[PDB]
Each structure stands twice: as C-alpha cells, then as structure tokens.
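Chains as they are written, first to last, in the deposited numbering: chain B, 2 to 233; chain M, 2 to 61; chain x, 55 to 94, 98 to 100; chain I, 5 to 108; chain H, 4 to 132; chain F, 1 to 155; chain R, 2 to 87.
Ideal Cβ positions, reconstructed from N, Cα and C, are used throughout, including at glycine.
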RNA sequence: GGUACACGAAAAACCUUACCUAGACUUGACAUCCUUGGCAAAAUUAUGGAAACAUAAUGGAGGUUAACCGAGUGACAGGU
RNA sequence: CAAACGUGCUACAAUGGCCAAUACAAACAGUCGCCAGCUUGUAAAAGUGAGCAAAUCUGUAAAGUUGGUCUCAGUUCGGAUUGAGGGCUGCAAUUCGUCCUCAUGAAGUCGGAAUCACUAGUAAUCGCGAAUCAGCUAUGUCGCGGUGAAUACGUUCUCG
RNA sequence: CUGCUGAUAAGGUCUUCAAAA
Ligand SMILES: [Mg+2]
Ligand SMILES: [Mg+2]
Ligand SMILES: [Mg+2]
Ligand SMILES: [Mg+2]
Ligand SMILES: [Mg+2]
Ligand SMILES: [Mg+2]
Ligand SMILES: [Mg+2]
Ligand SMILES: [Mg+2]
Ligand SMILES: [Mg+2]
Ligand SMILES: [Mg+2]
Ligand SMILES: [Mg+2]
Ligand SMILES: [Mg+2]
Ligand SMILES: [Mg+2]
Ligand SMILES: [Mg+2]
Ligand SMILES: [Mg+2]
Ligand SMILES: [Mg+2]
Ligand SMILES: [Mg+2]
Ligand SMILES: [Mg+2]
Ligand SMILES: [Zn+2]
C-alpha cells in the first residue's frame, strides 16, 4: 500500500530542517516560505550539471544566508568567478535588493552516497535513452562501491516508451524503512522522456545514528574536506 | 482558466470584500492555510521536504 | 389610514441622506506600530 | 560602578528545544562569568499548534494526517548588568532559531 | 509533626495536610465544609474509605487544597493524598492499604479523539447498500 | 474464537445499607450517566418503602429480588426452521443481573406518578410474588418446562 | 433587517435616471440591472425593465410597491411541471 | 457496493466560479526571445456609463534604466 | 422540486419544562484582534473605554446542588412554518446571510420488514476551543475536559 | 442432523530483448 515519506517521518527527530528562520507575522511567513522554494527550485532545475546535493536557507529579520552543497562546484564558480555573479544577481532579484545575501558554496565530500544526485543521474540517463537495466545496474554498483549500506531504487512510468506502465525495483542490501534510528536519505526525481514522465525514487541507507540529537552535524560531507567559499 | 485567476487575485479589486486568499505556490483557491499562505496539498509537500521550520509530525 | 407611507418614507429619507453624505473614507487597518522581533539591541 | 539597566527581562522562544537549552546555557555561562545575579532560567508552557491536513488529492476526507509546531519558551531576568556585562553580552551570537524578546 | 500527601486523578491535583489532633477530625476541603463543597452525593464516603476502615478517631485535622478536575476527580485525588500522607504515619498501614489497593494511582485518563471517529472510540454509522 | 474469558470489575458495597445489590440496581437505573439522580431515585423509593410497609427496606428489597430471581434460561438455537429452545442453569451473578434488569424495565413502564413512586410500588408488589417481573419469570419458567425435552442437546 | 442608521439603498445611478425621467414628461421604460435598489417614493409612476438573468421584465411601480426591492417583483428561475420518471 | 453520498468544498449573496444571458478585447489579463527608447505604472477626481472601457485632469515611487514603463515584432502566450 | 436514499440535529417529556441562587475544568486563541468595567436598550447590540503581543489581560462553563412552580394533558412538551418590528457584517442581505423581540403554534405520545456503533474513563451524556471566515440554521470537521455505565457463559450458527 | 438456496450479455491488455558490460 501507501507508505509515509521517509524524509517526512524522520524530520524533527533525527534530521534538521532545510530552512531555519522565524518570521514576524503570518503575512511574512508565506512570502519567506515561497522565496526559499523559488531559490531551491532554481538551484535544482538549472545549474544541474554541478550535482547540487542540497541547499539550506537561513534567514533573520533582514539577512539571507544560503548554503549550497555541490559535488562539482567548479560549474557554479565558472571561469574566474563569472557565473557566480550571475547566480548572485538571480538570487538578489528573487528575494530583494533591500536584503543582504550571504551565499556560500560547499564542496560535498563522498558525493556518491547522496540520494539527490543519484536520482538526478538516474533521470539524466533515462532521458538520454540509456537502457534502464544497464542504467540501474551501474548506478547500484557504483553506489555500493562507494561504501554504503543497502540502496533501493524504484523507477516507474511508461517504461521504455511502452503503452502500459510498469515499475522496476532493485534493492541491494538491508534497507530498514520502519526503523527511525537508521540514516535513510530519500530523493525523488522526474525524467522528462519523449514518451512522458518517469518517476525515480532512491532510498539510500547510510548506517545507524547511535548519537541522540537533532543532527546539528554534517551528513556525509565530512569524509574529505568540506571547505569552499564565495561568502563574506 | 488558472493564470488569469491567479493574476486577478494578485491585482487589488475595487471592493474590499472582493479579495480572497489563493495559495502562493500553486493556484488552489479552497482550503488555504492563512498561517502559511499555502494550500493543504502543498503544505504536505513542504513539510515532508523540511521547508517549513518546526513543522514535525504529531504523535499527541 | 396611512397605508404604509410615512414610516418607510422616514426610512427612505434617512437612506437618501446617507447616500448623499457618502464620503470616500476607504481604509484598511486599525491598530498600528509595535511590529518587531527584537534582538540584542545591537548584536 | 553603574547599572543603567535595572531588571533586564530576557525572554527566549524557539521552534526547537535543544537549541534553546544550549543558548540558555551559553547565556547563563557568560552572565555568571560577569558579575550579575541571574534569577534563573525558568521554563514557560510551550504553545503547541496542530494542523490537520487531508492526505488524498481528491476524496477520502477520512484519511487525514496531522502536523505540529511547538514554540518552546524560557524566561530569564537579570537584576543589574552594567556595561561590564552588556559589552560581553554583545558578542553572544544567538542562533537563528532562538528568538529574543528583551524588555529592558 | 504534620504529614503531607499529594494525590492526583483525572488531571486534578490534591495537597492533603494531616495534623495530629484529639478534638474530632473535622475534615475540610479548600477552606469550605465538604458537605457544601461537594454535591454531598455520598461521595464523602469515597474519600473517607481509607480513613474509615483503619481509623479516624485519631482525629486528624485535614487541610485539603484541590485545584482542578470536577468533583469525583477531586475526591479521588484527596483520597490518594490522604493515603500517601498516611504512609508517613505508622507505615504499618501500608500493607492493609495495599491489600485493598487504595495506594495506587488510578492511571485512567480521558483518551484523545481520533480523526474519522465521533469520539475516542465511537465510529460513524456504516451503510452497505 | 476468542478463547479468552473476560475479567470482572468490582461490584463495590453500598455505602448506606452495605448491600452490593443496591449499587447494582443504581447502575441499572442509571441513565445519561447521572449517579446523583439514580441514587436520589433509589433512596427516595426506599424511604417510601419505609413509609408504606413499615419494615426494613433492605429486607423488603432482598425479598423482592430473591422472589423475582429466575432459575432457568432458554437459549435460542436454530437448525432448519424457527428455533428450538434449550433450558440451562444460570450462574448466580447472571441470575441477580437478570432479576435487577427485569425489575428496572418493568418499573419504568408502570402507569403511576414520578419514577420514585413507580419503582417503589414495583418493588413492594414484587415483594409479594405479584407483579410484572413475576409474570416475566413465570413465562420463561413455563416455556422452559414445556421445552424440557431438548435440554439434553445444547451444542 | 437592514440597519436604521444606514437607511435604504439605491445605486444612485438609478436615482439620477429616475429624477431625470420624472422631470421629463414623455417617460419610457428604464432598463436597469440594479435589483438591489429599493423602490423610493420618487420611483412611483415609472416603469422599469429589470434583468431577470436573461431578459428585461417590465414592472410598473405603484404607490403601494414602495419599500420592497426592485428585483423582488421579477423572477429568476421557472418551474411549472415535472415529468413521470417511469 | 464494501473502498461514493456533512465526499473534493478548512466557509457558493458580489469575488470564489470552472455554468447561462448580455456588454466589450485580440502577440492579448500573464511570460520569454529578439531591434529599440525610457522624461511610468498605480491610485483618485470629472463626463458618458449595469460595470467592463473610453475621452481630461494631479502626471508622479524611483533611477536614467535597475525592477519595471514602453513602441516594433513573429516565434507564441492562454485552455478548470 | 411531484419524488427516493445516506449522514446528522431537535423532539415525542416528570431521570422532565420554566424561574432564582450557586460550586467545580482542560486545551486552545487573540493587536483590522480578544474585549474587562460603566451607560443605554425587553434583547440581539450601540457608545465610552481601560488591560493584553500574553503562565500577567480577555474569551460568563454546562450538566451537577438547593429552593419555587407545573401534575401526565398533544400540555407551561415539541419547535417547524408563518406575519411584524429591530441588530451586525458587507458597495449590496429580493433570488440567497445570520441573530434578537413580539405573535402563530405542522408533525410527533417511542417508530414496520430490516440494520449501526461500542470491551473503561469505553459507550451514553454536558459544555469549551480552533482551522478556513468581513458575515454565515456548520446541527459539519478537528481537538479539550465534567459526570460516567452494562456485558463477554461460549464458537452451534452469521460476515470477513 | 438433515427447510429452501436459481441465475450473472460480447471482444479484449500486460512483457519489451540480451546482444553485454
Ligand atoms: Mg494551470
Ligand atoms: Mg471571502
Ligand atoms: Mg456528531
Ligand atoms: Mg441499509
Ligand atoms: Mg459567482
Ligand atoms: Mg519621470
Ligand atoms: Mg536611457
Ligand atoms: Mg423540577
Ligand atoms: Mg493574577
Ligand atoms: Mg460579563
Ligand atoms: Mg434541582
Ligand atoms: Mg398529535
Ligand atoms: Mg416549550
Ligand atoms: Mg434575506
Ligand atoms: Mg403524552
Ligand atoms: Mg478490542
Ligand atoms: Mg424456504
Ligand atoms: Mg435465464
Ligand atoms: Zn498549493
């Protein structure tokens, strides 16, 4: 049957919030809730070739701070910091010139075990007419070789352009979805194929969190150094 | 007809009671949360994505 | 033997006076100020 | 010596609890490192808001889930602070989730 | 040498003060005659149940403070408070009180209403045709 | 298909006459969860019994319930057409419960004035083996005696 | 129902038209959509064409119809006879 | 059918509104790409008006065009 | 709108109707708001006008207890429908808002074949709050507390 | 421990593929 969202079930217990701010009134709460959505959607739908794993937003009465974790931040940086100013102006237009922007790019360590970029690669391969069995097999084998626990990939839709929708699942390793202690990262993406839309959902297991607390700690960004700038 | 209705909602009317609250992300008119300015079906998505700070699932 | 008339005519006089006395006093609000979230007063 | 601020009533509130405890710990540590008599970091009842949302897109109003948002609240009143404590308080950098309602 | 007891029931606290006296117990609830505080619907015997079978000839002066609940909940709270204060005087009553189980919190509280249900456990009418 | 026997809650002794049956019949005449109202009804009826019979109300009540209290129960068991009944001996607890239930049901139907007097007169009438609960007990007893043959087969 | 201090209500475009057509001798039907306007004493003697929703039904006001709403003397839906289902 | 019927709809007098009648509009109420200037859009007061919209007014925050205000312009926007 | 079904509210009543005095909650919400007190009014409410950005101020607890009256009747039950006078919101209340007062007083006296929910603070019952909301016969939805039961011998039968 | 217990319009998806990594 239907299952609750893996991220939503674990939020507020073993996962911190992607946007951390306290608005003044109900009128401002909607504007701030929509502007952050616009910024995140921008960073995800465009500038996709940089493998942006996640973007967090942190706002005060008047100051906006953006933390963009990316696997290949060279594409965000551009040639001698060219596209950086373009995305800065895009964000400033999105929120407002009256505020102070503190954009900060962060190179994410051990990218392979991140469901967002795994799903994005899956969707890109699907859209590029790559055969599905080979695509999922190579993604699963590279994810496992990255040194993580089980990964479950569900790819549904008009499969290979067929007129009857199917679904194909590959679980390889233990994926306890009912357990709350487990560190399960879940992402979902849409491959826009010439025959319609394909939905790819990737669950990845990254061990068990044996330290009680609302995170306040990096999650698989720490194995190598996670120090990139563009801030003040 | 949805784009015209969204634009008309943003535009101020000539009477005060003419004004209604639509969702800001989507354009749904009914079942809009004035605390968040977002309809129920987009509030669920934002809460499951972690966008709204402090909105955790309730156990009572 | 009034046959309605007088009372409703007085009501109509009040209504016509209101219509002729309409003033564009359009507004939207009530209490003002005291809208902030405070801080360390300089951080 | 001067005071210039009698009965500084700091009020803290946040959607998160543990961050609030940590911020209160840092505040009390600094204010005891300076010569100020803290009344005490007491807690106040937490205002909990519950929103009920139908899961389904179209029908089945019976199947509906719930969400909560808690505004944890703490109180802390300082008797006499003086510049010697105010200047040190200027450099606290309270995290964004915490909210101050200083009342002087 | 006074004794203090704290009972609770159905979200209704009680603070019972037992004072040694030999001029009739003169039970008193929240500075008011119990016959006037309670509906006097013989619920008085409910709170006297642990103070009847053992003794009240010891003429304990009773100082009761109750804030919350209805009246049956308040009576249960002061019963538990009287028992718990009695545990501070000649603990030999502890065995006899435990025997008939007047020294355990009742633990019964009102359940929370559930969505899709007309109450804690009631369900809507079901039609098949 | 349950294979579990239900627990039993305490009956509680009555705090006036120290007779559990008084509390049981209070709970039986309970309606809308009004313990005070039920207790008032019972105690007013007992005072009217004092005023009329000039005897002990608890003794009169016991004499009424013991006389109304049945012996046999007929359990419906359908096989092919209609139902053939089965006489079975009842436990004492269910015996008392049925007696009290019949007493209350036939008390809340009599033609008289306030339910106080209604139930009081019903009790005094059942104390002398002449009443409506008496007729009910007689009917079930006669039906069981008629269908004594099928007592051997129960299920 | 309607408050006292507020009084009655007319759109005042109907009122201006009524005043003009009353000062003019050769009156003709006044085509109005304002069903919310109440029939003022000065309205008496004129004939109005109220928008029932589809067409303009003609109503001749009298010294008696004074007080009610202008569209109250015209309908909006019509039902006259059912048909047997079976 | 169970698994629809105080369900979508956690609010239909106007709006909502997607329906009917009628009065009006056409790269359009909204958006991008291009050749091109910004020395506006609002809001409100008059007359015609059922109101849309028209003819005249204060010609407006600003920042030299940033956003937006335009002309030309065909790809097109738009569709509950 | 000739009709039919589903889900609910109100009743057919002395375990009650009306009147007076009066005790005991939890949770939640609030600066175009919550509105204390006072004056006016038979009342909805109006005016004045503090307090509260809230464990501080506001949102009357009702069933329950006592007393008075009705005395088993289509009634001091029941409130539908209907006429009139007013209040509030709103440009605007006729189609199509709700509230108050006055007046009228349908059916209905426990509901056929047949069915529903429930295993303790549960059913039953009494109030309070919030969401969407200028306003709303939401009697709906989501929550909170007060009083508070009866029964389970057993799987022969019935549905899954 | 043997009551009674009858019927259900027509045509239809759904495996593309291992060549291989
Ligand atoms: Mg659309
Ligand atoms: Mg509205
Ligand atoms: Mg209900
Ligand atoms: Mg049925
Ligand atoms: Mg409409
Ligand atoms: Mg200029
Ligand atoms: Mg220029
Ligand atoms: Mg009475
Ligand atoms: Mg106080
Ligand atoms: Mg008052
Ligand atoms: Mg009474
Ligand atoms: Mg009749
Ligand atoms: Mg009546
Ligand atoms: Mg009306
Ligand atoms: Mg009768
Ligand atoms: Mg069970
Ligand atoms: Mg047969
Ligand atoms: Mg045949
Ligand atoms: Zn939405």
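Counting the other CB atoms within 10 Å of its CB gives residue 61 of chain F a total of 16 or more, which places it among the buried residues.
Unbroken alpha helix (DSSP H) runs of no fewer than 4 residues, entirely contained in the stretch 18 to 91 of chain B, are found at 27 to 46, 75 to 78, following chain order. By DSSP's assignment, residue 186 of chain B forms a beta bridge with B:205. At a cut-off of 8 Å between beta-carbon atoms, residue 37 of chain I makes no contact with chain B. At a beta-carbon threshold of 9 Å, the residues of chain B lying near residue 89 of chain x are 25, 26, ordered along the chain. Around the beta-carbon of residue 47 of chain M, 16 or more other beta-carbon atoms lie within 10 Å, marking it buried.
When DSSP reads this structure, residue 87 of chain R sits in no beta bridge, so it has no partner. Against chain M, the beta carbon of residue 73 of chain I has neighbours under 7 Å at 55, 56, listed in chain order. In the structure shown, residue 105 of chain F adopts helical secondary structure according to DSSP, grouped into three states.
Around the Cβ of residue 83 of chain H, a 10 Å sphere holds 16 or more other Cβ atoms; the residue is buried. For residue 108 of chain H, same chain residues with a beta-carbon under 7 Å away, outside a window of 5 residues either side, are 11, 83 in chain order. Neighbours of residue 93 of chain x in chain I, taken as residues whose beta carbon is under 7 Å from its own, are 104 in chain order.
The DSSP-derived three-state label of residue 40 of chain M is strand. Residue 54 of chain M carries a coil assignment under DSSP once its states are collapsed to helix, strand and coil.
Under the 8 Å criterion on CB atoms, residue 50 of chain I is classed as non-interfacial with respect to chain H. Exposed is the label assigned to residue 76 of chain R, since fewer than 16 other Cβ atoms lie within 10 Å of its Cβ. With contact defined as three or more Cβ pairs closer than 8 Å, the stretch 45 to 63 of chain I and the stretch 21 to 30 of chain H are not in contact. For residue 44 of chain I, none of the residues of chain B pass the 7 Å Cβ criterion, the least Cβ distance being about 25 Å. The beta-carbon of residue 99 of chain x is placed less than 8 Å from the nearest beta-carbon of chain I. Ligand 2 never approaches residue 121 of chain H closely enough for any of its heavy atoms to be under 7 Å from the residue's Cβ.
Only residues of its own chain outside the window of five on either side were considered, and among them 15, 16, 17, 24, 28, 45, 46, 47, 48 have a CB closer than 8 Å to the CB of residue 78 of chain I, listed in chain order. Taking all protein chains in view, the Cβ of residue 61 of chain M is surrounded by fewer than 16 other Cβ atoms within 10 Å, so the residue is classified as exposed.
In the structure shown, residue 25 of chain H falls within a coil segment according to DSSP collapsed to helix, strand and coil. Residue 3 of chain M has its CB nearer than 7 Å to a heavy atom of ligand 1. The stretch 175 to 191 of chain B makes contact with the stretch 199 to 214 of chain B; the number of CB pairs closer than 8 Å reaches 3 or more. Taking 9 Å as the Cβ-Cβ cut-off, the stretch 10 to 36 of chain F approaches chain H at 15, 16, 35, 36, given in chain order. Counting only the Cα atoms, residue 63 of chain I lies some 19 Å from residue 121 of chain H. Its chain contains 181, 215 as the residues whose beta carbon lies nearer than 8 Å to that of residue 14 of chain B, once the 5 sequence neighbours on both sides are disregarded; these appear in chain order.
Under a 10 Å Cβ-count criterion, residue 75 of chain B is classified as exposed, with fewer than 16 other Cβ atoms of the shown protein chains found around its own Cβ. Interface criterion not met: the Cβ of residue 52 of chain M is under 8 Å from no Cβ in chain I.
The three-state secondary structure of residue 176 of chain B, taken from DSSP, is coil. Excluding residues up to 5 positions away in sequence, 57, 89, 90 lie with their Cβ nearer than 8 Å to the Cβ of residue 96 of chain H in the same chain. Looking at the DSSP output, residue 100 of chain B sits in no beta bridge, so it has no partner there. Ranked by how close their Cα comes to the Cα of residue 120 of chain F, the residues F:134, F:97, F:104, F:78 have F:104 in first place. Going by C-alpha positions, residue 148 of chain B is about 23 Å away from residue 190 of chain B. The C-alpha of residue 66 of chain F lies about 11 Å from the C-alpha of residue 134 of chain F.
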